[PDB]
Amino acid sequence: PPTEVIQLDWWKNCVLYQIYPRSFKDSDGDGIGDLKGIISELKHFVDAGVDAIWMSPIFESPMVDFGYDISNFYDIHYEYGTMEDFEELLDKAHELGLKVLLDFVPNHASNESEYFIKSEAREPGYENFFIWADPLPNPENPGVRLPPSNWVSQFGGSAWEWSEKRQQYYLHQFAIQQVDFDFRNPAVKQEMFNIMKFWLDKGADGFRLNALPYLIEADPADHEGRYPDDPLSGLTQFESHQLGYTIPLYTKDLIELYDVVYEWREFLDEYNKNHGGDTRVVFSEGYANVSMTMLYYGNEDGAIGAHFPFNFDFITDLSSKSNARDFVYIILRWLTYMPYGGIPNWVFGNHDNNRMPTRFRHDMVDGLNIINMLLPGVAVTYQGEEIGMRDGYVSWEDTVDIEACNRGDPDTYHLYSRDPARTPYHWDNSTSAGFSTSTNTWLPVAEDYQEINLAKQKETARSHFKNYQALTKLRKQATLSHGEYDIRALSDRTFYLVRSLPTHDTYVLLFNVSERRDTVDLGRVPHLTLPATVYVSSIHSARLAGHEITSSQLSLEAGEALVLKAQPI
Amino acid sequence: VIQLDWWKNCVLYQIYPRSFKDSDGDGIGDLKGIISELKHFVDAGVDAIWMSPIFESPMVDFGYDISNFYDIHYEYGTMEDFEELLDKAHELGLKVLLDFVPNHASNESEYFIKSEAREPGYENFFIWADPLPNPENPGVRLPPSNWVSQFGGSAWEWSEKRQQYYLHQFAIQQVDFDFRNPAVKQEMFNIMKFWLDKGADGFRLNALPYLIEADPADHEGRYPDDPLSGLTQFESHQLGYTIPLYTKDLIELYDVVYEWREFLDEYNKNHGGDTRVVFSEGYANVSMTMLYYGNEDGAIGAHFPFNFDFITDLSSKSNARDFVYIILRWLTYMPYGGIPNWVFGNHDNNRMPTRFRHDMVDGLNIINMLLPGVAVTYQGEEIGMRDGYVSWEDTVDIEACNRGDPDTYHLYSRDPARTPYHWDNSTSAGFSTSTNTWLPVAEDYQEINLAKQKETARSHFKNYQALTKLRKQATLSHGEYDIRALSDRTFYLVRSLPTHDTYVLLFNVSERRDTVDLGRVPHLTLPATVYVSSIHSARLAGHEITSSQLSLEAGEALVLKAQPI
Ligand SMILES: OC[C@H]1O[C@@](CO)(O[C@H]2O[C@H](CO)[C@@H](O)[C@H](O)[C@H]2O)[C@@H](O)[C@@H]1O
Ligand SMILES: OC[C@H]1O[C@@](CO)(O[C@H]2O[C@H](CO)[C@@H](O)[C@H](O)[C@H]2O)[C@@H](O)[C@@H]1O
Ligand SMILES: [Ca+2]
Ligand SMILES: [Ca+2]
Ligand SMILES: [Mg+2]
Ligand SMILES: [Mg+2]
Ligand SMILES: [Mg+2]
Ligand SMILES: [Mg+2]
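Here the protein sequences come in this chain order: A and B. 38 is the number of the first residue of the first sequence in full-length UniProt numbering; add one for each residue after it. 42 is the number of the first residue of the second sequence in full-length UniProt numbering; add one for each residue after it.
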């Protein structure tokens, strides 16, 4: 008979959906998505088979970086709604069985925060809240003010801004208006516990931890009392105001940042012990090399950090230039490097990167969602991947991403702009794809909404959405929660992923990631006994769900993906 | 289990002839030298040897600059010595491969002299191109393109006699054949046929990424500039200044290799006996490297391209997860049916124990022998030879002479990995009766020599013998593999095969002690017996491992023999 299995803790195999609240659902016609919008479509997550939602920032913000510049970490941004709307969202989401995670932005605060206003004024308790530094002594040319170091902002220009009021530079690794906290300040670290405790006390199930690689910079005590220059990249194409001019040796991935993360986890473990109910969790966001990335989980010496760091490998290391061997070899990187008992996770997109079908190909949407849902651990979905949304066209004139406005111009803005991945969600074929009742939206609705929208995918017989639902349904099967995984390339074109578990059904992904047809021998696929049944097929496959596979020779079209259901091992 | 063709699980040993054995006290290794020590391969459990170049050569690049592709270099001996070498090697059961250098000929070859003098049917044997006019001094002729030699400076050298530039991707004295000339491609089959007729069991194919460069026909009759790297540490004469877009890894090169395999398959069909093979040498990204095996349109190339990952991607800086991740690369990218191979060193790179650590020699030789497929050994790895010190004054490597100076030569020189083989503690470590060796003998030959290792109870060489012997087992020739990191410090590699003994490598690649749970290792039941251990291990061959908790010291490697799955 099929063996009994114990249910995993929710966070070990959740489908996690990232909401970009500004682009999800406008409830009031201002062209701006809001909490009442999210509340009205919470049923969408149940329908989709999502377990957990994480929202991009909803806290009081001047919106310079659309929420990542927070002026009050304890209240809701007025365009999105009120604290009461937030409490209603949690209550309704929890009533539906969903978990809700918030975007925690610990690195930096708005220059409109009381933190920064108090700090610029050298108020007791706040004077050393941020990184304040003197001009670099300029004995040659003493009438010329030099910044503390050559450090470059992620958004272009110096990371140092002169304060006329304080007569000192402050550090901003992001926008001039995003001021870096001093994470060597015990008062700063205590304020971070206070912010997390507040939202946990409201009933948040956890947090996405933003931009952790930038937390800590070089102590001038270690550099003869100056901020040390970052080494030069030596790349001819970058001048001193351009991101790439430096290698961030003193400004990114400092070992001390991880001690802050392990302190957060210690705080969270204590909170969970003292509140019970379902485990509250932290997922860390940082782009770094595999070694620095795995230190977020914990270290050799027994430190425990984030429940997991996000795996951005499907954003940074795979694309439409990748073959089946590339896919397998990148999937193996997380599984080879992850610490013993670490929980794997998979991310195909977010609000900072081109949409999944734009980075890959429109014909690859189903295969990519299948990989996400069938790999062991946690599937992460970015708003619109469940319906195969493409980047929207955004003109220079409609561009509002500070990164593009700062680093770019009319000819180069598209190199930097994150706006094409933030265009409003495609609910239906109504005005503005049902995002808003208005033709005025904060970013232009993508031109293809008549072809790519949720309502159409629910009506039509075969759709990206229906495939999404069938895969999130399959994750409730013991073979996907508890089963072994085997992954290998059959050719440069096609790989398999097999989930198997004695006495339970076997499930096999076959994915042709290439631009050409491929014929493979299913005899090489471990645990695949024929005949087998198509469980899911890409929307243009020759095979419909229910199709029986009887021959060992299988021809796949470019982009074609199948999930087969086979008799138990 | 069906017996494999010899090349599919051979131990292949690269001999550097100039540094192997001097039989005639001139400080220069020779064929009589190799003949005198053929029994060493049988003693070591080597199946096949491949020799670096032994053909007539001005020695500017110590034999990769060939003046006559059809006769032996006088310092190494005669055609008669070579025929005796094949004879005695075949008598001892050994296969013998030759270093084939198709990319280029010595400027002192008849091919070049004839080509340069424009002799009919040789005009287009090499790449000849016109100068460009000069912006900033009209009198100073500019080369056809910005292309950079692998040995530094322009890849274009002006011929006073021909009034044209010729292409050299290597030394000025190494002249790149035109592989779009069907007479050049015929001459290659003529050379391979000659040596195969002599009884060679195949070839190592030199420098294949550089075979073909952009046709000026495709660029409005000019040689297109390679793109600039835009790295400020490289000036216009230094390797790195360019990205070799038009000078390396051109898709056309692979068609030449598939033509060579077609020719060799025909040769093997018409002559029978044991399969004659080609193994290709090319440093390239993994995807371009896999095209040497063949392509998905059904082309068949080299029996294998060399896997250089333990040279290029792993070092003393690597942890156990890096070891596993890099070993997975070949096995993930290799075409179905392909034979995996593992290279730890060669005459172009720092020796295995210098690139890693002296306390990792046994573990690295275990990896080589226990992974599926072909173990490749470079002269000296069987006794753990370290790089020898070679002063600027003693440096003879044209790469170091051309790219380097007294302060920098050590960044470029391949001479430290070419110092004479350490046979014993006699004069010049038994390489020569002469104290004058073409390169200085490493200072540590009294501590590291084959005679010392044959007579001590535990040694690198005795470990090497124990591992080559293990490869006879079905578990290694035909078994599955499982590889995973237990920590940042320790990994395992398990070979298993139903009803045959299980063999487990545990390797601490770190500088610190590590305790691992052996219950995490698949297919491993305890008690298990130590088959091989690092010479510094507390555990001896025969020792029983009984606890599931195992402390491995820095660099410690155990091979366990455990019950069959
Ligand atoms: O291009 C965005 C830049 O910042 C990162 C850092 O991890 O993204 C996060 O943090 C920024 C500042 O708070 C936000 O602008 C961004 O939206 C957020 O996810 C990376 O994506 C990248 O390096
Ligand atoms: O540093 C040597 C340089 O050339 C390579 C090319 O594969 O090595 C082979 O070809 C050279 C020219 O014939 C020889 O000098 C060398 O000995 C030979 O093995 C690489 O090692 C490297 O790119
Ligand atoms: Ca910071
Ligand atoms: Ca060439
Ligand atoms: Mg609104
Ligand atoms: Mg970007
Ligand atoms: Mg001699
Ligand atoms: Mg070199």
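Ideal Cβ placement from N, Cα and C applies to all residues, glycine included.
Does the Cβ-Cβ distance between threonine 531 of chain B and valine 557 of chain B come in under 8 Å?
For this step, residue 531 of chain B is matched to residue 490 along the second sequence. For this step, residue 557 of chain B is matched to residue 516 along the second sequence. Taking 8 Å as the Cβ cut-off, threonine 531 of chain B and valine 557 of chain B qualify as a contacting pair.
Cα-Cα separation between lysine 80 of chain B and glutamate 303 of chain B, rounded to whole angstroms:
In the second sequence, the residue the question calls residue 80 of chain B occupies position 39. In the second sequence, the residue the question calls residue 303 of chain B occupies position 262. Rounded to whole angstroms, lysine 80 of chain B to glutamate 303 of chain B spans 34 Å at the Cα level.
Could you give the DSSP three-state label for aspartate 219 of chain A: helix, strand or coil?
Here residue 219 of chain A corresponds to residue number 182 of the first sequence, with the count starting at 1. In the structure shown, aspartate 219 of chain A falls within a coil segment according to DSSP collapsed to helix, strand and coil.
List the residues of chain A whose Cβ lies closer than 9 Å to the Cβ of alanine 507 of chain B, in chain order.
Counting from one through the second sequence, the residue named residue 507 of chain B turns up at place 466. Those within 9 Å of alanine 507 of chain B in chain A number zero; the least Cβ separation is about 29 Å.
Tell me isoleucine 586 of chain A's beta-bridge partners as DSSP assigns them.
In the first sequence, the residue the question calls residue 586 of chain A occupies position 549. For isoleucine 586 of chain A, which the question treats as bridged, DSSP gives the partners A/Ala569.
Could you round the C-beta distance between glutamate 151 of chain A and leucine 208 of chain A to whole angstroms and report it? I think they count as a contact, below 8 Å.
The residue given as residue 151 of chain A occupies position 114 in the first sequence. The residue given as residue 208 of chain A occupies position 171 in the first sequence. The Cβ separation is near 19 Å, so there is no contact.
Counting only runs of 3+ residues fully inside the stretch 126-150 of chain B, write out the beta strand (DSSP E) ranges in chain order.
Within the stretch 126-150 of chain B, the beta strand (DSSP E) runs of at least 3 residues that lie entirely inside it are, in chain order, 136-141 and 145-147.
Counting along the chain, where does the alpha helix (DSSP H) carrying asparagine 443 of chain A start and finish?
Locating residue 443 of chain A in the first sequence gives position 406, counting from the first residue. Per DSSP, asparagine 443 of chain A is one residue of the alpha helix (DSSP H) stretching across 439-444.
Less than 8 Å between CB atoms is the rule here; does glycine 335 of chain A satisfy it with respect to chain B?
As a position in the first sequence, residue 335 of chain A is number 298, starting the count at 1. Chain B, which has no Cβ nearer than 8 Å to the Cβ of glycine 335 of chain A, makes this no.
My understanding is that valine 52 of chain A touches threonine 516 of chain A, with C-beta atoms under 8 Å, so please give their C-beta distance in whole angstroms.
By one-based count along the first sequence, residue 52 of chain A stands at place 15. By one-based count along the first sequence, residue 516 of chain A stands at place 479. The Cβ separation is near 16 Å, so there is no contact.
For a test of your reading of the model: does the CB of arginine 455 of chain A fall under 7 Å from any non-hydrogen atom of ligand 6? Yes or no.
Counting from one through the first sequence, the residue named residue 455 of chain A turns up at place 418. Taken from the Cβ of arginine 455 of chain A, at least one heavy atom of ligand 6 lies inside 7 Å.
Name, please, each residue of chain A whose Cβ falls closer than 7 Å to the Cβ of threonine 273 of chain B.
On the second sequence, position 232 is the one that residue 273 of chain B refers to. Those are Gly271 and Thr273, listed as they occur along chain A.
Member of A/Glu177, A/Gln205 and A/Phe166 whose CA lies at the smallest distance from the CA of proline 184 of chain A:
Along the first sequence, read from residue 1 onward, the residue named residue 184 of chain A stands at position 147. Nearest Cα to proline 184 of chain A within the set A/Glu177, A/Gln205 and A/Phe166: A/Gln205.
So if DSSP puts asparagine 348 of chain A in a beta bridge, which residue, or which two residues, is it bridged to?
Position 311 of the first sequence, counted from the first residue, corresponds to residue 348 of chain A. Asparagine 348 of chain A pairs with nothing; no bridge assigned.
May I ask you to check if the CB of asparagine 391 of chain B is nearer than 7 Å to at least one heavy atom of ligand 2?
The residue given as residue 391 of chain B occupies position 350 in the second sequence. The answer is no for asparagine 391 of chain B.
Taking any Cβ of chain A, which residues in the stretch 537-554 of chain B have a Cβ under 9 Å from it, in chain order?
Hits within the stretch: zero.
Residues surrounding ligand 5 [beta-carbon distance to nearest heavy atom under 5 Å]:
Selection output, chain order preserved: A/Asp63, A/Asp65, A/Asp67, A/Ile69 and A/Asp71.
Beta carbons nearer than 9 Å to chain A: which residues of the stretch 332-359 of chain B have them?
Residues passing the 9 Å Cβ filter: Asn336 and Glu337.
Taking only three categories from DSSP, how would you classify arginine 525 of chain A?
As a working note, residue 525 of chain A is residue 488 in the first sequence. Secondary structure of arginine 525 of chain A (DSSP, three-state): strand.
Going by DSSP, what residues sit across from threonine 283 of chain B in a beta bridge?
For the purposes of this step, residue 283 of chain B is taken as the residue at position 242 of the second sequence. Beta-bridge annotation (DSSP): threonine 283 of chain B is paired with B/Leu269.
Taking 7 Å as the line, does the beta carbon of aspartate 290 of chain B fall inside it for any heavy atom of ligand 4?
Counting from one through the second sequence, the residue named residue 290 of chain B turns up at place 249. With a cut-off of 7 Å, the C-beta of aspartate 290 of chain B is classified as distant from ligand 4, since no heavy atom of the ligand falls inside that distance.
Hey, would you say the C-beta of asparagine 144 of chain A is under 7 Å away from at least one heavy atom of ligand 3?
As a working note, residue 144 of chain A is residue 107 in the first sequence. Under cutoff, so the answer is yes.
Does the beta carbon of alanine 595 of chain B sit closer than 8 Å to a beta carbon anywhere in chain A?
Within the second sequence, the letter at position 554 stands for residue 595 of chain B. False, the Cβ-Cβ gap to chain A never drops below 8 Å.
What is the DSSP secondary structure of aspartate 558 of chain B, reduced to helix, strand or coil?
Residue 558 of chain B sits at position 517 when you count from the first residue of the second sequence. DSSP places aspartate 558 of chain B in strand when its eight states are reduced to three.
Return yes when at least one heavy atom of ligand 3 lies under 7 Å from the C-beta of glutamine 215 of chain A, else no.
In the first sequence, counting from the first residue as 1, residue 215 of chain A sits at position 178. The answer is no for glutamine 215 of chain A.
Once you ignore the five residues that flank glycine 162 of chain A on each side, which residues in its own chain have a CB closer than 6 Å to its CB?
As a working mapping, residue 162 of chain A is identified with position 125 in the first sequence. Non-local C-beta neighbours of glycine 162 of chain A in its own chain, meaning closer than 6 Å and more than five positions away in sequence, are absent.
Pull up the CB-CB distance for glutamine 191 of chain B and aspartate 106 of chain B, whole angstroms please, since I reckon it's below 8 Å.
For this step, residue 191 of chain B is matched to residue 150 along the second sequence. For this step, residue 106 of chain B is matched to residue 65 along the second sequence. Not a contact, Cβ separation roughly 13 Å.
Indicate, with yes or no, if ligand 3 has a heavy atom lying under 7 Å from the CB of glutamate 254 of chain A.
As a working mapping, residue 254 of chain A is identified with position 217 in the first sequence. The beta carbon of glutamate 254 of chain A sits closer than 7 Å to at least one heavy atom of ligand 3.
For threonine 373 of chain B, which residues in chain A fall below 7 Å Cβ to Cβ?
As a working note, residue 373 of chain B is residue 332 in the second sequence. Under the 7 Å cutoff, chain A gives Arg362, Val365, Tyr366, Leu369 and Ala526.
Looking at the structure shown, is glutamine 55 of chain A part of a helix, part of a strand, or coil, going by DSSP?
Residue numbering aside, residue 55 of chain A sits at position 18 when the first sequence is read from its first letter. It is a strand residue.
Separation of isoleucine 232 of chain B from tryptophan 197 of chain B, as counted between CA atoms:
Locating residue 197 of chain B in the second sequence gives position 156, where the first residue counts as 1. Locating residue 232 of chain B in the second sequence gives position 191, where the first residue counts as 1. Between the alpha carbons of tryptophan 197 of chain B and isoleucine 232 of chain B lies a gap of roughly 26 Å.
Out of A/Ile75, A/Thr395 and A/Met329, point me to the one whose CA is closest to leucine 291 of chain A's CA.
Here the question's residue 291 of chain A lines up with position 254 in the first sequence. For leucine 291 of chain A, the closest alpha carbon among the candidates A/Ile75, A/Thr395 and A/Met329 is that of A/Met329.
Could you check if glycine 104 of chain B belongs to the surroundings of ligand 7, using beta carbon to heavy atom distance under 7 Å?
Counting from 1 along the second sequence, the entry for residue 104 of chain B is found at position 63. Distance from the C-beta of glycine 104 of chain B to the nearest heavy atom of ligand 7 is not below 7 Å.
Answer yes or no: does any C-beta atom of chain A fall closer than 8 Å to that of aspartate 529 of chain B?
To locate residue 529 of chain B, count along the second sequence from 1; it is residue 488. Yes, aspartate 529 of chain B lies at the interface with chain A (some Cβ there is under 8 Å from its Cβ).
Note the first and the last residue of the continuous alpha helix (DSSP H) segment covering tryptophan 301 of chain A.
Taking the first sequence and counting its residues from 1, one reaches residue 301 of chain A at position 264. From DSSP, the alpha helix (DSSP H) with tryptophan 301 of chain A extends over 292-312.
On the three-state DSSP scale, how would you describe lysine 239 of chain A?
For this step, residue 239 of chain A is matched to residue 202 along the first sequence. Helix, per DSSP.
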